[PDB]
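# Got a sequence here, can you build the structure:
(one chain, ligands or ions: 2)
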Amino acid sequence: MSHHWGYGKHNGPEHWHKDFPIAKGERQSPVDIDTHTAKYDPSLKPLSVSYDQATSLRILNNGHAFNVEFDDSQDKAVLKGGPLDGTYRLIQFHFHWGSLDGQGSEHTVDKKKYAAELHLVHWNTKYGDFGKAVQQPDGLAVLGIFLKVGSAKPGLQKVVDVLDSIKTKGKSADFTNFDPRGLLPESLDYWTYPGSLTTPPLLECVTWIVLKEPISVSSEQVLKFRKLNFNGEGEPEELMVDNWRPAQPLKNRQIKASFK
Ligand SMILES: NS(=O)(=O)O[C@@H]1CCN(S(=O)(=O)[C@@H]2O[C@@H](CO)[C@@H](O)[C@H](O)[C@@H]2O)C1
Ligand SMILES: [Zn+2]
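Residues are numbered from 1 along each chain as shown. Ligands and ions are numbered 1, 2, ... in the order given. Provided below are the atomic coordinates:
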């Protein structure tokens, strides 16, 4: 591990366990979603996505992906219902994507990989702050949304057009008044299971909610993702591509479906 962990040959997912032993734990993410094995659970409530008062602040290239950050000091953008007990506040979203359209998602569906995957990260307000929440088995809820390449996603374009300004690791830009509702598909049908963060520290603190319906983005939109850099300014260019962890063993877990 050079600096530290990453997605390259010498510091990628196969290496992570040496510094983060929980990498080989009992509820690691992502996983393959076997649609024929997932069971419909009629006791699952509809998801409540309440993003009308969302306050985006900033977008950051963190050397792994880019994060769009939100004001989470109040209940402005929250996720509730579904498998969740209580209220989860949106803190950021980010993506994972590939070097080619046939790979890039972290979760897979009957072993199918999508071109990318969007993660909207939320923390359980009963734990007071994000740092405390990640130390709890029900601390986080991540809403995962698949991306396929086809027609453009209009609500994604504002994100795409600011990426030139955060090309390299550590760069940030003002990113206020962005509406994350524009990134959602029509349907909120989902699969859910207990899992983990998919990068180090790989903490097993996440209730995963993965939407069945992918969104479509254009080839031009995803091409601009692939022009980002893992490296910092003034360093040799390493294109930011294939920043996804592969599917992990399901072990003693059941994936539940919200839909028939
Ligand atoms: N893929 S996931 O399961 O949704 O987890 C991602 C990756 C890890 N978290 S995180 O700890 O909140 C996140 O991780 C860091 C870098 O990987 C920070 O740069 C950053 O401050 C950030 O808020 C979210
Ligand atoms: Zn993620």
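# Just confirm residue 118 is within a strand.
Yes: applying DSSP: H, G, I helix; E, B strand; the rest coil, one finds residue 118 inside a strand.
# gap between it and ligand 1?
10 Å (Cβ to the nearest ligand atom, to the nearest Å). From N, CA and C alone the C-beta is placed, and that goes for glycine too.
# Need the nearest residue in space to that residue, chain neighbours excluded.
residue 145 (4.2 Å; Cβ to Cβ, 6 or more residues apart in numbering).
# Any idea how far the helix or strand hosting that neighbour is from the middle of the chain?
Assessed by DSSP states H and E, residue 145 sits inside strand 140-149. Between the centre of strand 140-149 and the centre of its chain there are 6 Å (Cα atoms, centre = their mean, to the nearest Å).
# what's residue 118 in contact with, if anything?
93-95, 144-147, 183, 215 (Cβ atoms under 8 Å, 6 or more residues apart in numbering).
# Adding neighbour count and distance to ligand 1, write those out as TSV.
Shown next, in TSV, are these (neighbours: other Cβ atoms under 10 Å; distance: Cβ to the nearest ligand atom, whole Å):
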residue	neighbour count	distance to ligand 1
93	25	9
94	20	7
95	24	10
144	22	8
145	24	12
146	25	14
147	26	15
183	22	14
215	22	17
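# Now tabulate these in CSV and tack on distance to residue 112.
Formatted as CSV, the contacts of residue 118 follow (distance: Cβ to Cβ, whole Å):
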residue, distance to residue 112
93, 23
94, 22
95, 18
144, 14
145, 15
146, 9
147, 13
183, 21
215, 16
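# Identify, from those residues, the entry nearest to residue 5.
Nearest to residue 5 among the contacts of residue 118 is residue 94, at 16.0 Å by Cβ to Cβ.
# Tell me how far that closest one lies from residue 41.
Per Cβ to Cβ, to the nearest Å, residue 94 is found 28 Å from residue 41.
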